[PDB]
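Residue strings, one per chain:
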Amino acid sequence: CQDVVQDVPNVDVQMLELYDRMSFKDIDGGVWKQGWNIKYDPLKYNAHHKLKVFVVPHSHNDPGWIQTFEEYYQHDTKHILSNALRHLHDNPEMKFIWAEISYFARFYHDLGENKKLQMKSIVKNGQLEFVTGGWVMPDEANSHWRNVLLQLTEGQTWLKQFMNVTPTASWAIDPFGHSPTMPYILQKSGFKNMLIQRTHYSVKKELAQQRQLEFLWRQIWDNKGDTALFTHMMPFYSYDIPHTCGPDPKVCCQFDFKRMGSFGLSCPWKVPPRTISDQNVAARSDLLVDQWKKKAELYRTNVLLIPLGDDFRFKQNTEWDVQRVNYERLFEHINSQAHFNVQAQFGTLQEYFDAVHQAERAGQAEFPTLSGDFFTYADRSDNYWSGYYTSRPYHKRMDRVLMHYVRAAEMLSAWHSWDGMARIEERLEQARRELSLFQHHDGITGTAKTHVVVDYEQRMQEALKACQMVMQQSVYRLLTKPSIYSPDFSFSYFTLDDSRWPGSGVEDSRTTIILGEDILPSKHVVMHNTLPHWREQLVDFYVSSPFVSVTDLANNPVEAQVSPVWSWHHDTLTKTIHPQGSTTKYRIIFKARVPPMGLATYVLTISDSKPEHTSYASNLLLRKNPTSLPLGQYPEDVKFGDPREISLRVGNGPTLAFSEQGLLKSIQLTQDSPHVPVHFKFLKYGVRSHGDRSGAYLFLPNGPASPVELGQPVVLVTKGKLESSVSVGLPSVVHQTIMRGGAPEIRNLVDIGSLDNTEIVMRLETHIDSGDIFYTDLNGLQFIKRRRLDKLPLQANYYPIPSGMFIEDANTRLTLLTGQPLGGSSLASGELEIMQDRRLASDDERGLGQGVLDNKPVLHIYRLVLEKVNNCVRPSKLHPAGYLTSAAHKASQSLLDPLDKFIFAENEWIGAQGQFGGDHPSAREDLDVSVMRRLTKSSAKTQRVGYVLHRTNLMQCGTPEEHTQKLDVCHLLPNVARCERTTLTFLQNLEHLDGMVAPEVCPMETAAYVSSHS
Ligand SMILES: CS[C@H]1[C@H](O)[C@H](O)[C@H](O)[C@@H]1NCc1ccccc1
Ligand SMILES: *[C@@H]1O[C@H](CO)[C@@H](O)[C@H](O)[C@H]1NC(C)=O
Ligand SMILES: [Zn+2]
């Protein structure tokens, strides 16, 4: 295994180093506004060395943006595909590339058989070529790598099954900035090439000057280069026709033949295209070839890529004709005039890359190596696209909930083969497809119109219901005596109980377990642990009595704590935000211990008085002018006091101190250690009163944030043996700090209400001597070093925080893990900040045509880990990566993949069993079974199960922590007959494994294996 910590890779271009050296000046470069006047030597190409030009027709089809997926499909995409089929069928030399499989599958299944056969023929002959082949073209900033892989697999599995092709070239022309997680996943999925477009205009200029727009993109920790994927970065401001033929859009726009008038389009530069004729073809070719030769100067080979397309293009038959006939006249002239020394033709993306690599092998070019990312993108001036790291945060959080539910449903149901009548495959396909659709670069990014966001939310809600159905049928089958099991595949044997989604104060969706002497004495509950190691975690349920005790199925008592059910209310009469307690529902909390990828059953039983093994939390309300807070049968009366500082400690864990406003002020790790200043603060950013305004994409603050005026907020302190907390009702946020013995959990119920033109930020202030350095993650996969640059505006220093961020000095580190992707930064030494929500009345002029005014309450969740790191073996100062400690990685897993909780629905569960998975191996902590998916239906004689195994890399800090079992996923199911290593999409077998044993992977690697069973 390669060492991912101690060896700094030697690359030609390292993006953090490039950023440190670049000046980012925005000067007027002439017709190429953000470049320079390109010059070329006319003698460079001659009869023995011609410029080969591939014009690649395309149509960018968003699966939701200004219209819903179905609306665009009916109004636009179905016509584009039907006419592409007809025009390619009838014109053998015409070509077209297609990226979004969600639309293609929707179209293909509606075609008659004669047309399905015509479509398969134009794909098999190479006229229509799929690029990437994912369900969507995903966002690369907020997406979790597990969902990027999920959507890639959904689209490619469909293509292999119906079109018999697997793309090896990727096309990503619209995500707003680009992540190295893409080449990481693509290279492990059989790809050989990829293309990107939205990178900072200063980066395009810098790389163009050095002819470094094509590069071998490797991961930041990869010393050897085996993760490298050839990447082509487009050079210009857009992928539309005016910015793809060459540097001068006023000239290129004249070669978009849809802009002469009858289609309702025109050229902003005021010179229209003209139909090509024998009288103008020489002057028109002179102009076009000059643009091509200028573009070719920015690259190293004699093969030039010329995309020809725009959003929802190629819809009308007349549009196909006008583009094709005019380009054919140009090619016939250009290719016959030896003096141009050009051979131009329609082509596909793969044809371009194959020709580039033929040139490379002929020794005509060598390509530079590059590591790093391409965030934060700016398309012009100071317009940095960091707003969408936070826009529509409710749905960003929903993405992570559904991510976990899909994994848990696929894993729980993979253990058995299911009859078709159980509809398991049907429900899982629906859930995977709705989550995959939301990875679109207008889905999770929060950049779609309001009604489109509602469509994505409804789709995801249906997907969550599908996952619940599959999970609960699976639990019932895994935990019921086989000869007793009698399933009704439409019945709900269990209901899921989720304490954090939609969350307290967001939706009263949780069921109360109703017990009573005259109705039901007890209830079975079951916990599932999708992680491959034994895990303990506190779990809570709502119950109708405070006198409840817990037992495991061997009837051993389990220690429990009962606390009240507190809800917060914005009291419009008293104008205060304060909590109300229930007098008939209570929370019971206990530690569940669950096997690796397993299930554990417990029983909750009511008694007439306080149970021996259940304790009760105390509650203290701090506010002036208190009023009584009765709690029914709860045995401890609520206490009251004036606001004051307070301190809490659960177990042997840290001691936390809070201000009189209920906000953390310090953390003391152990009895003797110092009280380290760690202060939470809420602030607000506004919008500019002149110039460009913030919107769904752009963050254009009117200066540094201002503290939110807090008044004298109401603070609620609950102190328990198993769990304590401090909650405060601030304007726009009920902020909670929860302690269970280790790093605290933070929950914010964020309701920005009607605060227009406001972005609310949560900041941590410490005295850690971080300087200008901080770390943020990329797609939940890796942590990358960031350097704050005062030569760039505030919004340029914001980066995606898809799952965590940290600051550190020689001795101390503070890591904030998230349960949802949000934007954040470290704007001063010792600080971390993360945006909670943003409400914007203005549009940011990118085409969305609305502000962001559809905010709704969202429960954001986090873990806050303060640690001593002086003994940790960390990368050197020049390494571009950072790594989590064991505690921080486990805290991230507690947010993203918590235990699942099931409540038995009926009164009695006959044949109930106490555990599943007790014999499953408990794998080393850095290893995860990211995906477990049965790949065959029940009619297959040979069953196949696919696993994606990911190993992260955790810092060595002196903890022996060992004794674990080797995990061989190929032997998790019985009767294994074969084990194969495959691409991550499971679509190609790469190695037949000896002994049917799937080896574990190296740190930072991901592998896939498929086991076959007789
Ligand atoms: C506003 S940017 C982007 C949206 O968020 C959608 O994804 C849409 O495809 C659009 N493309 C880029 C584009 C815009 C205008 C003209 C040509 C291309
Ligand atoms: C699928 O493509 C392969 C490669 O061209 C070809 O050999 C095969 O016949 C095609 N159809 C089948 C058999 O799946
Ligand atoms: Zn788009």
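Conventions and cut-offs
- Residues numbered from 1 in each chain as written, not as in the entry; some residues may be left out.
- Chains lettered and ligands numbered in written order.
- Heavy atoms only, no water.
- UniProt positions renumbered as here; feature names shortened; annotations may be inferred.
- Helix = DSSP H or I, 4+ residues; strand = E, 2+ residues; numbered from the N terminus.
- Buried < 20%, exposed > 50% of the residue type's maximum accessible area, 1.4 Å probe, protein only.
- Contact = heavy atoms within 4.5 Å.
- Donors = N, O, S within 2.8 Å, 3.2 Å for Na, K, Ca; no water.
- Tetrahedral: all angles 85-135°; square planar, octahedral: opposite > 155°, others 65-115°.
- Salt bridge = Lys/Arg side-chain N within 4 Å of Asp/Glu carboxyl O.
- Core = buried A, V, L, I, M, F, W, Y, C linked by side-chain atoms within 4.5 Å.
- Expected span 1.5 Å × (residues − 1).
- Arc of directions from axis to C-beta.
- Near = heavy atom within 4 Å.
- Polar contact = N/O pair within 3.5 Å; in protein donor to acceptor, adjacent residues only side chain to side chain.
- Areas by Shrake-Rupley, 256 points an atom, 1.4 Å probe, with all protein chains shown as cover.
- Nonpolar A, V, L, I, M, F, W, Y, C, P; charged D, E, K, R; others polar.
- Pairing = 2+ DSSP bridges.
- Axes fitted to C-alpha atoms, helices over the stretch in contact; angles between N-to-C directions.

Within the PDB entry, the label attached to the chain reads alpha-mannosidase II, and the organism entered is Drosophila melanogaster. Under the heading Pathway, UniProt records this for the chain: "Protein modification; protein glycosylation." A UniProt comment under Sequence similarities is attached to the chain, and it reads "Belongs to the glycosyl hydrolase 38 family."

The subject of this paragraph is the UniProt feature "binding site: Zn(2+)" in the chain. Per the UniProt annotation, the sites labelled "binding site: Zn(2+)" are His60, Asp62, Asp174 and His441. These annotated residues cover 382 residues of sequence, and their C-alpha atoms all fall within 12.0 Å of one another, placing them together at a single site. By the element assignment, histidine 60 lies in strand β2 (residues 51–60). In this structure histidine 60 comes out as buried when scored by relative accessible area, which is 1%. Not counting residues up to four positions away in its chain, the partners in contact with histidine 60 are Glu100, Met137, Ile173, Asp174, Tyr239, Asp310, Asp311, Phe312 and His441. For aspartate 62, a relative accessible area of 1% gives the class buried. Those residues within four positions of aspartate 62 in sequence are excluded, and the remaining contacts are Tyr72, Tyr103, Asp174, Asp311, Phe312, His440, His441 and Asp442.

Those donors, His60 (NE2), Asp62 (OD), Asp174 (OD) and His441 (NE2), are the protein atoms that reach the zinc ion (ligand 3), and they lie 2.1 to 2.2 Å from it. Coordination geometry of the zinc ion (ligand 3): the six donor atoms subtend angles of 75 to 168 degrees at the metal centre, consistent with an arrangement described as octahedral. Summarised as a motif, the one-chain spacing of the donors to the zinc ion (ligand 3) is H-x1-D-x111-D-x266-H. Pair noted here: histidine 60 is in strand β2 and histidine 441 is in the loop between α13 (424–438) and α14 (450–478), with a separation of 381 residues, a long-range link.

What follows is about the pattern of salt bridges. Tallied over the entire structure, the rule returns 64 salt bridges. A salt bridge links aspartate 379 to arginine 846; the nearest nitrogen and oxygen atoms lie 2.9 Å apart. Within this pair, whereas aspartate 379 is found in strand β12 (residues 378–380), its partner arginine 846 is found in the loop between β42 (831–839) and β43 (858–868), the two being separated by 467 residues in sequence. Residue class for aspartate 379 comes out buried when judged on its relative accessible area of 4%. Residues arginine 587 and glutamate 723 are paired through a salt bridge, measuring 2.9 Å at the closest nitrogen-oxygen approach. Remark: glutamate 723 occurs in the loop between β31 (715–719) and β32 (724–730) and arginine 587 occurs in strand β21 (residues 576–594); sequence separation between them is 136 residues. Exposure class is identical for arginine 587 and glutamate 723. Each is buried.

Counting residues in each nonpolar core, the largest one holds 291 residues, and the members touching the most others are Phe104, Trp292 and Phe590. Here this core gets 13 residues from one element, more than from any other, and that element is α14. Contacts of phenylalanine 104, omitting those with residues within four sequence positions, involve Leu81, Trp98, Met119, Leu128, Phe130, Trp158 and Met163. Residues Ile97, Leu195, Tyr239 and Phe353 belong to the second largest nonpolar core, which totals 22 residues.

Next up on the list: helix α4 (residues 113–124). The α-helix advances 3.6 residues per turn, and as a result positions three or four apart in sequence lie on the same side. The terminal C-alpha atoms of α4, which comprises twelve residues, lie 16 Å apart, in line with the 16 Å expected from a rise of 1.5 Å per residue. Along α4, the residues classified as buried are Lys116, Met119, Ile122 and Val123. Buried positions in α4, seen along its axis, are confined to an arc of 130 degrees and lie on one side of it. Summarising the geometry of α4, the exposed residues directed more than 90 degrees from the buried face are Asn114 and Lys124. Buried residues along α4 sit in contact with α2 (69–90), α3 (101–108), β4 (128–130) and α5 (145–163). In the stretch just after α4, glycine 126 is the one whose phi turns positive, near 85 degrees.

Turning our attention to the site of ligand 1. Near ligand 1 there are 13 residues, and of these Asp62, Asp174, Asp442, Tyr697 and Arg846 occur at the shortest range. Side-chain polar atom of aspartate 62 to an oxygen atom of ligand 1: 2.5 Å apart, as the coordinates give it. Here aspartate 174 contributes a side-chain N or O atom positioned 2.9 Å from a nitrogen atom of ligand 1. Protein coverage of the free-state accessible area of ligand 1, which is 440 Å², stands at 84%. Here the residues of the shell around ligand 1 are counted per class, giving four nonpolar, two polar and seven charged.

Turning next to the sheet that holds β2. Sheet architecture is open: three strands sit in the order β9-β2-β10, paired in parallel fashion. Looking at strand neighbours, the two that pair on one side only are β9 (303–311) and β10 (342–346), the edges of this open sheet. With direction set aside, neighbouring strand axes in the sheet form an average angle of 20 degrees. Here β2 runs beside β9; their pairing, made up of nine bridges, is parallel. Counted as the bridge partner of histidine 60 is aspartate 311 from β9.

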